[PDB]
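Please read the structure below before turning to the comments.
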Amino acid sequence: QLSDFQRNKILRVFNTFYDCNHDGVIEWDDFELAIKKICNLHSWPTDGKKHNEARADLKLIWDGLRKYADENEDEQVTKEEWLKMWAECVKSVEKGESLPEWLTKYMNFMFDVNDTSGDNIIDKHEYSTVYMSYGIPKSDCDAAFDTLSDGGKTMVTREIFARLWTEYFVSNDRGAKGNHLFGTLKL
Ligand SMILES: [Ca+2]
Ligand SMILES: [Ca+2]
Ligand SMILES: [Ca+2]
């Protein structure tokens with residue numbers, strides 16, 4: 001079973017990042033909102049390259065998510081279904097397996113949404129630009145970024161971002177850096 005700490009990390013991500021219209025379930029309509037929000041944030045032209053690519057990528061991610069979590073096949077993922085899926089995913093990451101492919105795709109999507117300069121590094125300004133748009137206070141973006149980059153000793157490359165992303169979802173260690181990947185947690 002997920003510890004309180006894991007369960008709460010996994011709920012907080014459902015609630016802030018996936019359920020964009022905040023009604024308590026994840027559907028395709030949420031991903032339609034997530035596309036609008038990222039288009040607004042970055043000033044992408046509707047039906048331009050980035051927009052059409054974001055839509056295609058998120059379709060694949062939603063499809064893999066529903067496949068894993070949508071037990072009653074109603075095209076909606078409730079918190080119950082999301083927690084049931086996560087308890088099984090975490091067990092498996094511990095037994096040695098990679099996270100599900102919809103989750104890695106979503107990690108790579110969010111990496112590139114952050115890295116608007118395209119140099120393979122998320123810098124402090126890129127990071128706070130994205131997380132502040134989800135309601136993360138700026139001081140929790142800046143404190144998170146220093147934690148994640150080990151105060152500048154580590155560049156937040158796609159690979160670092162991917163390893164921190166797995167740690168956020170599975171770690172039971174309160175000390176883990178990836179706990180703060182989505183804004184500092186007070187622990
Ligand atoms: Ca929703
Ligand atoms: Ca369902
Ligand atoms: Ca960059």
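Identifiers in the structure tokens: chain A, B, ... in order shown; residue index from 1 per chain; ligand index from 1 in order shown.
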Can you work out which residues are within 12 Å of ligand 1, considering only C-alpha atoms and all ligand atoms, and then hand them over as number ranges by chain? A: 14-34, 75-79
Generate a file of the selected residues that holds N, CA and C atoms, formatted as a tab-separated table (two decimals), in the first residue's frame.
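Wrote again-v1.tsv, looks like this:
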```tsv
chain	number	residue	atom	x	y	z
A	14	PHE	N	-2.35	14.86	-9.22
A	14	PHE	CA	-3.69	14.68	-9.86
A	14	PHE	C	-4.41	16.02	-9.88
A	15	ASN	N	-4.47	16.59	-8.68
A	15	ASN	CA	-5.22	17.76	-8.38
A	15	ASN	C	-4.70	19.09	-9.06
A	16	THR	N	-3.39	19.23	-9.29
A	16	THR	CA	-2.74	20.49	-9.79
A	16	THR	C	-2.41	20.40	-11.27
A	17	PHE	N	-1.96	19.24	-11.69
A	17	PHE	CA	-1.44	19.10	-13.05
A	17	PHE	C	-2.33	18.38	-14.05
A	18	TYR	N	-3.12	17.39	-13.55
A	18	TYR	CA	-3.91	16.58	-14.47
A	18	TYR	C	-5.36	17.04	-14.50
A	19	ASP	N	-5.98	17.23	-13.34
A	19	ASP	CA	-7.38	17.62	-13.32
A	19	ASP	C	-7.49	19.19	-13.51
A	20	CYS	N	-7.22	19.66	-14.74
A	20	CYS	CA	-7.29	21.14	-15.00
A	20	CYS	C	-8.61	21.79	-14.75
A	21	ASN	N	-9.75	21.11	-14.97
A	21	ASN	CA	-10.93	21.83	-14.58
A	21	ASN	C	-11.38	21.57	-13.13
A	22	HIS	N	-10.56	20.90	-12.34
A	22	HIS	CA	-10.80	20.76	-10.86
A	22	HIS	C	-12.12	20.19	-10.41
A	23	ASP	N	-12.74	19.33	-11.22
A	23	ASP	CA	-14.00	18.65	-10.80
A	23	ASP	C	-13.75	17.28	-10.13
A	24	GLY	N	-12.50	16.88	-9.96
A	24	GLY	CA	-12.22	15.62	-9.26
A	24	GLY	C	-11.96	14.39	-10.12
A	25	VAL	N	-12.06	14.51	-11.46
A	25	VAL	CA	-11.76	13.37	-12.35
A	25	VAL	C	-10.92	13.87	-13.49
A	26	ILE	N	-10.16	12.98	-14.08
A	26	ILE	CA	-9.31	13.29	-15.23
A	26	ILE	C	-10.08	12.76	-16.46
A	27	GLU	N	-10.31	13.67	-17.41
A	27	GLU	CA	-10.86	13.27	-18.71
A	27	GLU	C	-10.09	13.95	-19.85
A	28	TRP	N	-10.42	13.60	-21.08
A	28	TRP	CA	-9.86	14.33	-22.23
A	28	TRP	C	-10.13	15.84	-22.16
A	29	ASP	N	-11.29	16.24	-21.65
A	29	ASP	CA	-11.61	17.69	-21.49
A	29	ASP	C	-10.53	18.40	-20.65
A	30	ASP	N	-9.95	17.73	-19.63
A	30	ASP	CA	-8.82	18.34	-18.90
A	30	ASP	C	-7.59	18.62	-19.79
A	31	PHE	N	-7.28	17.68	-20.68
A	31	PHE	CA	-6.14	17.80	-21.55
A	31	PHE	C	-6.38	18.88	-22.58
A	32	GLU	N	-7.62	19.04	-23.03
A	32	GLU	CA	-7.98	20.19	-23.87
A	32	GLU	C	-7.67	21.53	-23.14
A	33	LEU	N	-7.97	21.60	-21.83
A	33	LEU	CA	-7.63	22.81	-21.06
A	33	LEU	C	-6.12	22.97	-20.91
A	34	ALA	N	-5.40	21.88	-20.63
A	34	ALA	CA	-3.94	21.90	-20.45
A	34	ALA	C	-3.29	22.43	-21.72
A	75	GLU	N	-14.09	6.35	-19.87
A	75	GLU	CA	-13.25	7.50	-20.36
A	75	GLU	C	-13.07	8.61	-19.36
A	76	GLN	N	-13.02	8.20	-18.13
A	76	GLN	CA	-12.84	9.12	-17.04
A	76	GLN	C	-11.96	8.34	-16.09
A	77	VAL	N	-11.03	9.04	-15.45
A	77	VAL	CA	-10.18	8.46	-14.45
A	77	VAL	C	-10.44	9.18	-13.11
A	78	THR	N	-11.04	8.47	-12.15
A	78	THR	CA	-11.37	9.08	-10.88
A	78	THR	C	-10.13	9.00	-9.96
A	79	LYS	N	-10.22	9.64	-8.80
A	79	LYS	CA	-9.12	9.51	-7.84
A	79	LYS	C	-8.99	8.07	-7.39
```
Let me have all residues with an atom within 8 Å of ligand 3, counting only C-alpha atoms and all ligand atoms, laid out as number ranges by chain. A: 114-123, 126
Could you turn the residues from that selection into a file that holds C-alpha atoms, as a PDB file, in the first residue's frame?
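Below is the file that was written, out_26.pdb:
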```
ATOM      1  CA  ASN A 114       9.804  23.862 -19.565  1.00  0.00           C
ATOM      2  CA  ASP A 115      12.874  23.964 -21.885  1.00  0.00           C
ATOM      3  CA  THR A 116      11.598  26.650 -24.251  1.00  0.00           C
ATOM      4  CA  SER A 117      15.197  27.620 -25.129  1.00  0.00           C
ATOM      5  CA  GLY A 118      15.713  24.155 -26.552  1.00  0.00           C
ATOM      6  CA  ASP A 119      19.240  23.738 -25.083  1.00  0.00           C
ATOM      7  CA  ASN A 120      18.429  20.490 -23.042  1.00  0.00           C
ATOM      8  CA  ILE A 121      18.678  22.421 -19.768  1.00  0.00           C
ATOM      9  CA  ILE A 122      15.808  23.755 -17.702  1.00  0.00           C
ATOM     10  CA  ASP A 123      17.086  27.005 -16.165  1.00  0.00           C
ATOM     11  CA  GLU A 126      12.178  28.544 -17.469  1.00  0.00           C
TER      12      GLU A 126
END
```
Given only C-alpha atoms, how would the per-residue table for region 65-151 of chain A near region 53-57 of chain A read, listing every residue at most 9 Å away with its closest atom pair and distance in Å to one decimal, sorted by chain and number, as a Markdown table?
```
| residue | atom | partner | partner_atom | distance |
| --- | --- | --- | --- | --- |
| A:105 | CA | A:57 | CA | 7.7 |
| A:106 | CA | A:57 | CA | 8.1 |
| A:109 | CA | A:57 | CA | 7.4 |
```
Check the smallest atom-to-atom distance from each of A:129, A:140, A:68, A:59 to residue 86 (chain A) using only C-alpha atoms, then report the winner. A:68
DSSP alpha helix (DSSP H) residues within region 104-169 of chain A, listed as a VMD selection string: chain A and resid 104 to 114 124 to 133 138 to 148 158 to 169
Output C-alpha atoms for every residue in that selection, as a PDB file, in the first residue's frame.
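Output saved as part15.pdb:
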```pdb
ATOM      1  CA  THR A 104       7.524   8.651 -19.472  1.00  0.00           C
ATOM      2  CA  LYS A 105       5.851  10.308 -22.448  1.00  0.00           C
ATOM      3  CA  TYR A 106       4.227  12.854 -20.166  1.00  0.00           C
ATOM      4  CA  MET A 107       7.658  13.459 -18.438  1.00  0.00           C
ATOM      5  CA  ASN A 108       9.247  14.188 -21.848  1.00  0.00           C
ATOM      6  CA  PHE A 109       6.344  16.422 -22.831  1.00  0.00           C
ATOM      7  CA  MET A 110       6.635  18.489 -19.617  1.00  0.00           C
ATOM      8  CA  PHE A 111      10.494  18.626 -20.052  1.00  0.00           C
ATOM      9  CA  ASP A 112      10.063  20.278 -23.391  1.00  0.00           C
ATOM     10  CA  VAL A 113       7.254  22.567 -22.155  1.00  0.00           C
ATOM     11  CA  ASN A 114       9.804  23.862 -19.565  1.00  0.00           C
ATOM     12  CA  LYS A 124      15.615  28.750 -13.098  1.00  0.00           C
ATOM     13  CA  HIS A 125      13.563  31.201 -15.064  1.00  0.00           C
ATOM     14  CA  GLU A 126      12.178  28.544 -17.469  1.00  0.00           C
ATOM     15  CA  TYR A 127      11.148  26.435 -14.366  1.00  0.00           C
ATOM     16  CA  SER A 128       9.376  29.215 -12.441  1.00  0.00           C
ATOM     17  CA  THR A 129       7.626  30.343 -15.713  1.00  0.00           C
ATOM     18  CA  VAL A 130       6.036  26.944 -16.018  1.00  0.00           C
ATOM     19  CA  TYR A 131       5.337  26.025 -12.333  1.00  0.00           C
ATOM     20  CA  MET A 132       3.954  29.469 -11.363  1.00  0.00           C
ATOM     21  CA  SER A 133       1.351  29.058 -14.153  1.00  0.00           C
ATOM     22  CA  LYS A 138       7.313  31.671  -6.818  1.00  0.00           C
ATOM     23  CA  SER A 139       9.281  31.133  -3.595  1.00  0.00           C
ATOM     24  CA  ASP A 140       8.429  27.329  -3.827  1.00  0.00           C
ATOM     25  CA  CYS A 141       9.611  27.291  -7.498  1.00  0.00           C
ATOM     26  CA  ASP A 142      12.923  28.973  -6.663  1.00  0.00           C
ATOM     27  CA  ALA A 143      13.545  26.853  -3.508  1.00  0.00           C
ATOM     28  CA  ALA A 144      12.599  23.692  -5.493  1.00  0.00           C
ATOM     29  CA  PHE A 145      14.962  24.580  -8.361  1.00  0.00           C
ATOM     30  CA  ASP A 146      17.942  25.093  -6.002  1.00  0.00           C
ATOM     31  CA  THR A 147      17.107  21.737  -4.363  1.00  0.00           C
ATOM     32  CA  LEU A 148      16.785  19.906  -7.737  1.00  0.00           C
ATOM     33  CA  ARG A 158      16.282  15.882 -19.743  1.00  0.00           C
ATOM     34  CA  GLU A 159      17.941  12.867 -18.012  1.00  0.00           C
ATOM     35  CA  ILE A 160      18.103  14.549 -14.550  1.00  0.00           C
ATOM     36  CA  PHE A 161      14.456  15.713 -14.959  1.00  0.00           C
ATOM     37  CA  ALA A 162      13.461  12.106 -15.844  1.00  0.00           C
ATOM     38  CA  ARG A 163      15.278  10.623 -12.760  1.00  0.00           C
ATOM     39  CA  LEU A 164      13.755  13.295 -10.445  1.00  0.00           C
ATOM     40  CA  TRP A 165      10.275  12.603 -11.974  1.00  0.00           C
ATOM     41  CA  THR A 166      10.486   8.900 -11.063  1.00  0.00           C
ATOM     42  CA  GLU A 167      11.668   9.803  -7.514  1.00  0.00           C
ATOM     43  CA  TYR A 168       8.699  12.218  -7.033  1.00  0.00           C
ATOM     44  CA  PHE A 169       6.201   9.412  -7.852  1.00  0.00           C
TER      45      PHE A 169
END
```
How far is it from CA of residue 154 (chain A) to CA of residue 178 (chain A), in Å with one decimal? 13.2 Å
With distances taken over only C-alpha atoms and all ligand atoms, which residue among A:182, A:82, A:134, A:44 lies nearest ligand 2?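 Answer, going by the shortest atom-to-atom distance: A:82.
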For residue 6 (chain A), which of A:152, A:52, A:157, A:89 is the closest residue, counting only C-alpha atoms? A:89
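As for CA of residue 85 (chain A) and CA of residue 35 (chain A), they are spaced 24.4 Å apart.
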Pick out the closest residue to ligand 2 from this set: A:8, A:72, A:43, A:179. Count only C-alpha atoms and all ligand atoms. A:72
Using only C-alpha atoms and all ligand atoms, find the one residue out of A:60, A:185, A:65, A:38 that sits nearest to ligand 2.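 Nearest to ligand 2: A:65.
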